[PDB]
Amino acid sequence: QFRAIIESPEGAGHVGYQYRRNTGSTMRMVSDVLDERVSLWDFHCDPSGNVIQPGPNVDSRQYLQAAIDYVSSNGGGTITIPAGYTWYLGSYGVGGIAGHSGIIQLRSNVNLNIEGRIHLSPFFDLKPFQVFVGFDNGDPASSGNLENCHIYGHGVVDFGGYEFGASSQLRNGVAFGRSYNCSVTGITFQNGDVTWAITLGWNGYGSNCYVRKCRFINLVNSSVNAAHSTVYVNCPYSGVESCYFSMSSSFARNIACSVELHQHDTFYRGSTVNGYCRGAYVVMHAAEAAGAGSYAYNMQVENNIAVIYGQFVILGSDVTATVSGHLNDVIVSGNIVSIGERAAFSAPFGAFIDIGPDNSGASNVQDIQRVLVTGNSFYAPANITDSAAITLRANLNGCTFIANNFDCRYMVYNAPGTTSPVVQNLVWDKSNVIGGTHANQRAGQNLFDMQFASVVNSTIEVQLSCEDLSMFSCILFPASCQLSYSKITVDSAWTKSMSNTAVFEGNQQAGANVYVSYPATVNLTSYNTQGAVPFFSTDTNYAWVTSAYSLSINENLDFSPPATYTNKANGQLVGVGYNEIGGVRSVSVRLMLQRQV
């Protein structure tokens, strides 16, 4: 009778409870208090209500989905995925998420506290899957939003180690969808071959989505995998912080990127990356411009630690027939990055910053400007010929480098013959320290190899801090590169023994608004006059020089060459020296040649 009610599922609803025997507290039943929390256990049962234990040969999907659906009906709450158990997912979800190869449909206000482990069963071997999907429709253009959905805890999402069946397939952990105020915190995503672990937003739709204190371990494992970017941030006001990214597979060194930032006001900070090809893409893709507009601005990549095999930060923008993408107002700072131990050319070209062409290779679609790269450290082993502070392979409308430390093969690089980027507002401040790891490795190479269509409104202030006499030059402009309204200086320190310092193969330094200084060795001859006496350069290629001054001591007693020189119409330098005793003098002097500076 009463016994029957008590042993029934309604029993706890008949056992009274008052918080700590407080007479002022609500008189409730045990069931009410138990109803304040909810776990997978409360839905992980057979049609008869008997609990099912999870494991290898149990598909937890439908039970988890029921839990999510039921809590969604009550306006939200948090479902615990209990510790001490692994909950295997063994089938595709149905309805709206079936188009996304979804396993589980996330729902608004329904949080998952994942304390235990979630593993994909062999069913998903060689198949595409997106484990959690916040889209409510197969077509995301027609999907509703996912709001206030947080996945967090000390738990694990394990992708079972299965390889991709085909390169064309997609795999994700959490596809939040058109996602507003959603986050993933504390979760370890491990043991997979996936396209992404997490995607935030959809073509700019979404806001305030974050990945914090998560771990991403060994999420590429096959040559089948076309591409990996662990977190793809595709909504504004969103980002990644204090995360850990690690790959061991050789394939990851060629295809894997830790983060992509694709919308405005997004960030990547305080994270550690190891074994990846790439740190981050920072890009406005025209195709993703619907939600938040055509401009990726306020892009922050800060205070990260990376060992990568390719490019740390890749800037881009591209266009569609109808929309043009723009990237501006980017800051890259405080990052300490190195190219991991590898053979030259054995992975994509090493670079701190890459200005990349779009996905179809186009290098004349880009609109990237107002980028500040500052207070970063970059290092590549001496052997890694393909390493650069910046690989500038596409049109650049501005990039500012200040107070960085770059210890790699090239400072500014682009391959000759390939793209011919149009370059505006490239600023390499003199405060960028050029490291010495690659000294004596630069035979035939130009430290700044300005392989561009044109350079305008740019500053290159070259400052060495050690000798490298192996390099062909500190900076070289091929005749094909136009240079105008630019400042190019090579500080004399450690350059005394250099044959070429700055090289302008088309004599571009003669430009009306080109401001240059660099050291050169010059032969001079004087008239025989006793007293104040002119010295002239034997060669006549200094028509562009506004002043020059000596960088050599004068070994002689009976005379001295001029300390300072100007030029003459015929291209000679001319200065006034002093013959204590008369006689024609002939000397070879190291000069700082200067034009308008």
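Note that residue numbering follows the sequence shown and begins at 1.
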- Of 382 to 390 vs 99 to 107, the stretch with the larger average CA B-factor in the entry is 99 to 107
- Task: For the higher mean C-alpha B factor in the entry, choose 453 to 461 or 154 to 162.
- Result: 154 to 162
- Query: When the CA B-factors of 519, 478, 436, 84 are compared as recorded in the entry, which is the largest?
  - Reply: 84
- Reading the B-factor column of the entry, which of 334, 506, 310, 357 has the highest value at its C-alpha atom? 357
- Query: By the record's CA B-factor, is residue 530 among the lowest, middle or highest third of residues in the chain?
  - Reply: middle
- Query: Against its chain's modelled residues, does residue 549's Cα B factor rank lowest, middle or highest third?
  - Reply: lowest
- B-factor third for the C-alpha atom of residue 341 within its chain: middle
- Going by what the PDB entry lists, where does residue 316 fall on CA B-factor within its chain: lowest, middle or highest third? middle
- Grab the CA temperature factor for residue 288 from the record and place it in the lowest, middle or highest third of its chain. highest
